[PDB]
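Enquirer:
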Amino acid sequence: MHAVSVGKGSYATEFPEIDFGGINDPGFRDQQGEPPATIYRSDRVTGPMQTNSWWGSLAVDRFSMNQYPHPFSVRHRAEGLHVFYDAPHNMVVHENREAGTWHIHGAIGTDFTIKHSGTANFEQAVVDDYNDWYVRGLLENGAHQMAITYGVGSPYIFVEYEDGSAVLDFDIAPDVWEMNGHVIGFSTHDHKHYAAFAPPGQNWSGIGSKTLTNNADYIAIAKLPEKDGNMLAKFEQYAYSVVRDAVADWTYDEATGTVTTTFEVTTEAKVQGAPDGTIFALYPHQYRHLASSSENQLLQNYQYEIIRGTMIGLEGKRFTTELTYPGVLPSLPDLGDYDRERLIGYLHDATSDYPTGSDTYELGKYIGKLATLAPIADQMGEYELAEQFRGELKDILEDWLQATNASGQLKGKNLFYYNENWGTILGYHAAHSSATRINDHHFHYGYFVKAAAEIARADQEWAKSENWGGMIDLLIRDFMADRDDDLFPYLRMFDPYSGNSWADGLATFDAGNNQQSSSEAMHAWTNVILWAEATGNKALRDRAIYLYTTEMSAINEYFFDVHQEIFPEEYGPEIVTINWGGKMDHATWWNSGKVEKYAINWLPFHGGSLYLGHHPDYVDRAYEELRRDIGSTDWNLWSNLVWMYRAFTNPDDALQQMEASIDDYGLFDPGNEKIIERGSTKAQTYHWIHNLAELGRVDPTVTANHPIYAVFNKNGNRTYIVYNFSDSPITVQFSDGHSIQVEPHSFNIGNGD
Ligand SMILES: OC[C@H]1O[C@@H](O[C@@H]2[C@@H](O)[C@H](O[C@@H]3[C@@H](O)[C@@H](O)O[C@H](CO)[C@H]3O)O[C@H](CO)[C@H]2O)[C@H](O)[C@@H](O)[C@@H]1O
Ligand SMILES: OC[C@H]1O[C@@H](O[C@@H]2[C@@H](O)[C@H](O[C@@H]3[C@@H](O)[C@H](O)O[C@H](CO)[C@H]3O)O[C@H](CO)[C@H]2O)[C@H](O)[C@@H](O)[C@@H]1O
Ligand SMILES: OC[C@H]1O[C@@H](O[C@@H]2[C@@H](O)[C@H](O)O[C@H](CO)[C@H]2O)[C@H](O)[C@@H](O)[C@@H]1O
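Position one of the sequence shown corresponds to residue 72 (this note's numbering), numbered consecutively onward.
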């Protein structure tokens, strides 16, 4: 009737009568709602609706907000599609010294508007189709229709007309520098270079005026890299091949660690003989990893400058990238030179901790904290305390994973609900617009998966599908479903082409979609790898490995700029805190200080965090910049996160800072995150830093033929760590020739007591 049973748990199918707990705060109350009733999609788009996309504002707004199908920005309006390109004169880097914020951004301008001869009063723009990274937006006014196909990594906009023909409208007359009749090369008054293409014999008119017209029912627009007729001729070749399908298919080679992704389009010919293929514009995280076999397809001098650096052109039907999955762990092992009694004391101290809210995010942080403590307790021989932590995790998850109370009625809080309209699992209490905007499901549900993965590491029975595993796998499907999932869209959070997750479900911003905590995305992927390994689910594990590895490639480019090629020279910070489709900010979604604008992309620290240490010059450079700005090691907030980060390259320094201040305050205090961030503990901090002191640096040059491992290197001496989730012993082969044997349900070394 009102809930669906899933193993021992359930989800609500009717919106619950929310228990507000006597809280009258309007913000809190408004959070306990649902996503928008109205979805702007045609009747060609059925089933669970895609969210968390670069193009989402087209689905949520009557028209759209500003979008970034790089190299373009575009926006839908009643009058047609505005097209823009941020040239260097449009780009700015601004600093607000007192706020401690920086902003790299362009403009919301219009180079020209793509229009329909029959109307400039479209009623709405709807999603008419989409694939892994393109969208087809349909401007509708009865018989008059204009379908616009566009995407990230597409230097083409394809335009299909019903009951009318093409118009390009400009505020200032453009320079048409090449007139081939049906094909034109033109520049805006401010020297931005474009081209337009119509079928042979359909010639452009209005050359020299503010309005270019064509009788065709099909045109394409290209952004040209240069004012270059040879480039124009190359763009002609693919200007009539409209992208209909686009898939990012991947494989994980467990033996080598290689994650291979092939990006393939299928096009439809708009003139006789049009090739099946396109010109792709690749982002840095793609071309820096281009497969050998795709190199011949590069159009070497075809570059575009965008917010994310330089895009490069590549021609054909497909291209491939190759990445290396580095492994993850369920926890750091027991390899530190800590005082064991001191660590045991901190473990017991952590029993004072409690969640600082009732919503999925604050409860999430708390269960992540307990799940992080439990293996450390096992290591210290405190098995009863470890069991206390896991029992608390079980109590919390067995509550939240049930939608009904003892009487069989729907609960008013601590439950999950399936919104059928969009097709998404929502948790109440909600926060950060997790329900009202479908935000952050990876960030929040990642913590639930962490808790489940830690339970599963000790208790396989609990994790079985007919027990509590079914509900955990439901939460995972919400945020990273495979294809053809009856309840959820494909890989909700992830944008396979941009290479990162997008946190906002709706994308109703003029900067496109955004992601702030890339580390909470990586945490979600890590926990799915662990959960799936523990529960013997290879297909799920491998999908999470693909996500972890691809997301890592985008983080190192766009959040860290480890290669020092992307951020403008005049940008002061050594991190971008929030990445948007159209801009980059050193700023947070809440009013914060200096440390948080770095550390929100580090936290939480867990056994999947070692990707943060692959680039030690970056770790040094970022730390030194933060230290310069603070002016000392007196961190304004979250000191322990800074010490843990510093330990990636200088554990002696991290240790001395930790010794000086870790015991400044006593037990858990929600009002005071100066020393310990509220999702962290003294026990975790002390265990992490001492482990890194003994282990040395992350060594990403060594891979393994199983997925749950790490390799460290201290002055040339390697330490190899494997956790074995199997009932059987395993042998692990490393890429440097090292080979180890691991007993069931154990680390190879540092199991502790
Ligand atoms: O210290 C008290 C102080 O804490 C602030 O809580 C912040 C969260 O606002 C912050 O939320 C992040 C989001 O902006 C986004 O990246 O997604 C998730 C949430 O879904 C979070 O990463 O997270 C940090 C780290 O956990 C918290 O410290 C409160 O906002 C603020 O009012 C309060 O004064
Ligand atoms: O987009 C993903 C991101 O969303 C964050 O929530 C933001 C809200 O913080 C923001 O709140 C607005 C304020 O910034 C402004 O000062 O006032 C208005 C009017 O009250 C507020 O609505 O609103 C946007 C939507 O416009 C939300 O997306 C979440 O905190 C963050 O977790 C999430 O990743
Ligand atoms: O960019 C991070 C900051 O986002 C701010 O919200 C902005 C909105 O007010 C505006 O309307 O949209 C843009 C994107 O087009 C947003 O940047 C928040 O107010 C800040 O707290 C946050 O740092």
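Cβ atoms here follow ideal geometry from the backbone N, Cα and C, with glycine treated the same way.
Look up residue 263 in the DSSP assignment and say whether it is helix, strand or coil.
Expert: The residue you call residue 263 lines up with position 192 of the sequence shown. Here residue 263 sits in coil by DSSP.
Enquirer: Does the beta-carbon of residue 503, which I'm using as the reference point, lie nearer than 7 angstroms to any heavy atom of ligand 2?
Expert: Here residue 503 corresponds to residue number 432 of the sequence shown, with the count starting at 1. Within the cutoff, so yes.
Enquirer: I'd like the list of long-range same chain contacts for residue 116, defined as Cβ closer than 6 angstroms, with 5 residues on each side in sequence excluded.
Expert: If you number the sequence shown from 1, residue 116 lands on position 45. Cβ within range, chain order: 198.
Enquirer: If contacts are defined as beta-carbon pairs under 8 angstroms, then residue 756 and residue 711 qualify, I think. What distance do you get, rounded to the angstrom?
Expert: One-based indexing of the sequence shown puts residue 756 at position 685. One-based indexing of the sequence shown puts residue 711 at position 640. Yes, they are in contact, since the Cβ atoms of residue 756 and residue 711 sit about 4 angstroms apart, within 8 angstroms.
Enquirer: Using the DSSP secondary-structure output, state which residues sit across from residue 338 in a beta bridge.
Expert: Within the sequence shown, the letter at position 267 stands for residue 338. DSSP lists 314 as partners of residue 338.
Enquirer: Using 7 angstroms as the cut-off, classify the Cβ of residue 699 as near or not near the heavy atoms of ligand 2, replying yes or no.
Expert: Here residue 699 refers to the residue found at position 628 when the sequence shown is read from its first residue. False, no ligand heavy atom lies under 7 angstroms from that Cβ.
Enquirer: If you follow the alpha helix (DSSP H) that residue 248 is in, where does it begin and where does it stop?
Expert: Along the sequence shown, read from residue 1 onward, the residue named residue 248 stands at position 177. No alpha helix (DSSP H) contains residue 248, which is instead part of the beta strand (DSSP E) from 246-250.
Enquirer: So does residue 578 have its beta carbon nearer than 7 angstroms to some heavy atom of ligand 1?
Expert: One-based indexing of the sequence shown puts residue 578 at position 507. False, no ligand heavy atom lies under 7 angstroms from that Cβ.
Enquirer: Is it the case that the CB of residue 710 approaches a heavy atom of ligand 1 more closely than 7 angstroms?
Expert: Your numbering for residue 710 matches position 639 in the sequence shown. No - ligand 1 has no heavy atom lying nearer than 7 angstroms to the Cβ of residue 710.
Enquirer: Express the C-alpha separation of residue 507 and residue 93 in angstroms, rounding to a whole number.
Expert: Translated into positions along the sequence shown, residue 93 becomes position 22. Translated into positions along the sequence shown, residue 507 becomes position 436. Those two C-alpha atoms are separated by around 21 angstroms.
Enquirer: Does the beta-carbon distance from residue 247 to residue 278 come in below 8 angstroms?
Expert: Position 176 of the sequence shown, counted from the start, is the residue given in the question as residue 247. Position 207 of the sequence shown, counted from the start, is the residue given in the question as residue 278. Yes; because the gap between Cβ atoms is below 8 angstroms, this pair is in contact.
Enquirer: Suppose you measure from the CA of residue 223 to the CA of residue 143; what does that come to, to the nearest Å?
Expert: Here residue 223 refers to the residue found at position 152 of the sequence shown. Here residue 143 refers to the residue found at position 72 of the sequence shown. Taking the straight line joining both Cα atoms gives about 8 angstroms.
Enquirer: By the three-class DSSP mapping on this structure, what secondary structure does residue 559 have?
Expert: Here residue 559 corresponds to residue number 488 of the sequence shown, with the count starting at 1. Note: residue 559 maps to coil in three-state DSSP.
Enquirer: Could you give the residue range of the alpha helix (DSSP H) that holds residue 594?
Expert: Residue numbering aside, residue 594 sits at position 523 when the sequence shown is read from its first letter. Start and end: 589-605.
Enquirer: Please classify residue 802 as buried or exposed, where buried requires at least 16 other C-beta atoms within 10 Å of its C-beta.
Expert: Translated into positions along the sequence shown, residue 802 becomes position 731. Residue 802 should be labelled exposed.
Enquirer: Go ahead and pull the three-state DSSP assignment for residue 345.
Expert: In the sequence shown, residue 345 corresponds to position 274, counting from 1. Of the three classes helix, strand and coil, the one that applies to residue 345 here is coil, per DSSP.
Enquirer: By the 10 Å Cβ neighbour count, where 16 or more other Cβ atoms means buried, how is residue 341 classified, buried or exposed?
Expert: As a first step, residue 341 must be located in the sequence shown, where it is residue number 270. By the neighbour-count rule (16 or more Cβ atoms within 10 Å), residue 341 is buried.
Enquirer: Look up residue 695 in the DSSP assignment and say whether it is helix, strand or coil.
Expert: Along the sequence shown, read from residue 1 onward, the residue named residue 695 stands at position 624. Helix.
Enquirer: Please determine whether the Cβ atom of residue 656 lies at a distance below 7 angstroms from any heavy atom of ligand 3.
Expert: Position 585 of the sequence shown, counting from 1, holds the residue named residue 656. Yes, the Cβ of residue 656 comes within 7 angstroms of a heavy atom of ligand 3.
Enquirer: In angstroms with no decimal places, state the Cα-to-Cα distance between residue 80 and residue 697.
Expert: Working through the sequence shown from its first residue, we reach residue 80 at position 9. Working through the sequence shown from its first residue, we reach residue 697 at position 626. Cα to Cα, the separation comes out at about 46 angstroms.
Enquirer: Which value, in whole angstroms, describes the spacing of the CA atoms of residue 741 and residue 713?
Expert: Against the sequence shown, residue 741 aligns to sequence position 670. Against the sequence shown, residue 713 aligns to sequence position 642. Going by the C-alpha atoms only, they are around 19 angstroms apart.
Enquirer: Relative to the C-alpha of residue 799, which residue among 737, 758, 607, 690 is closest?
Expert: Position 728 of the sequence shown, counted from the first residue, corresponds to residue 799. Comparing Cα positions, the closest option is 607.
Enquirer: Would you please state the rounded distance, in angstroms, between the beta carbons of residue 211 and residue 195? I believe it to be under 8 angstroms.
Expert: Reading the sequence shown from its first residue, position 140 is the one you call residue 211. Reading the sequence shown from its first residue, position 124 is the one you call residue 195. Indeed, because the Cβ distance is near 6 angstroms, the residues count as touching under 8 angstroms.
Enquirer: Using only the heavy atoms of ligand 2, determine whether one of them is closer than 7 angstroms to the beta carbon of residue 571.
Expert: Taking the sequence shown and counting its residues from 1, one reaches residue 571 at position 500. Flag unset: Cβ of residue 571 not near ligand 2.
Enquirer: Taking residue 345 and residue 306 to be in contact with their CB atoms under 8 angstroms, please state how far apart those CB atoms are, rounded to whole angstroms.
Expert: Counting from 1 along the sequence shown, the entry for residue 345 is found at position 274. Counting from 1 along the sequence shown, the entry for residue 306 is found at position 235. Actually they do not touch by this definition, with Cβ atoms about 13 angstroms apart.
Enquirer: Can you find a heavy atom of ligand 5 that lies under 7 angstroms from the Cβ of residue 582?
Expert: As presented, the structure is devoid of ligand 5, carrying ligand 1, ligand 2 and ligand 3 as its sole ligands.
Enquirer: Determine contact between the stretch 402-414 and the stretch 769-776, defined as no fewer than three beta-carbon pairs at a distance below 8 angstroms.
Expert: Verdict: no, contact absent.
Enquirer: Could you spell out the range, first to last residue, of the alpha helix (DSSP H) harbouring residue 731?
Expert: Locating residue 731 in the sequence shown gives position 660, counting from the first residue. Start and end: 722-732.
Enquirer: Is residue 660 near ligand 2, going by C-beta to nearest heavy atom under 7 angstroms?
Expert: Numbered from 1 along the sequence shown, position 589 holds the residue referred to as residue 660. Flag set: Cβ of residue 660 near ligand 2.
Enquirer: How is the beta strand (DSSP E) around residue 153 delimited, first residue to last?
Expert: Along the sequence shown, one-based indexing puts residue 153 at 82. Where residue 153 is concerned, the enclosing beta strand (DSSP E) stretches over 151-155.
Enquirer: Taking residue 450 as part of the alpha helix (DSSP H), name the residues at either end of that continuous run.
Expert: Counting from 1 along the sequence shown, the entry for residue 450 is found at position 379. Element bounds for residue 450: 431-450.
Enquirer: Let me check you understand the geometry: is the CB of residue 428 closer than 7 angstroms to at least one non-hydrogen atom of ligand 1?
Expert: Reading the sequence shown from its first residue, position 357 is the one you call residue 428. No, Cβ of residue 428 sits at least 7 angstroms from all heavy atoms of ligand 1.
Enquirer: Should residue 276 go down as buried or exposed, given a rule of 16 or more other Cβ atoms within 10 Å for buried?
Expert: Stepping through the sequence shown from its first residue, residue 276 is reached at position 205. So residue 276 counts as exposed.
Enquirer: Between 129, 682, 434, which has its C-alpha nearest residue 514's C-alpha?
Expert: Counting from one through the sequence shown, the residue named residue 514 turns up at place 443. Nearest of 129, 682, 434 to residue 514, Cα basis: 434.
Enquirer: Taking all protein chains shown into account, decide if residue 423 is buried (16 or more other Cβ within 10 angstroms of its Cβ) or exposed.
Expert: Translated into the one-based positions of the sequence shown, residue 423 becomes position 352. Result: exposed.
Enquirer: So, under 8 angstroms CB-CB, residue 383 and residue 353 are touching, yes? Tell me the CB distance rounded to an integer number of Å.
Expert: Here residue 383 corresponds to residue number 312 of the sequence shown, with the count starting at 1. Here residue 353 corresponds to residue number 282 of the sequence shown, with the count starting at 1. The Cβ separation is near 5 angstroms, so the contact holds.
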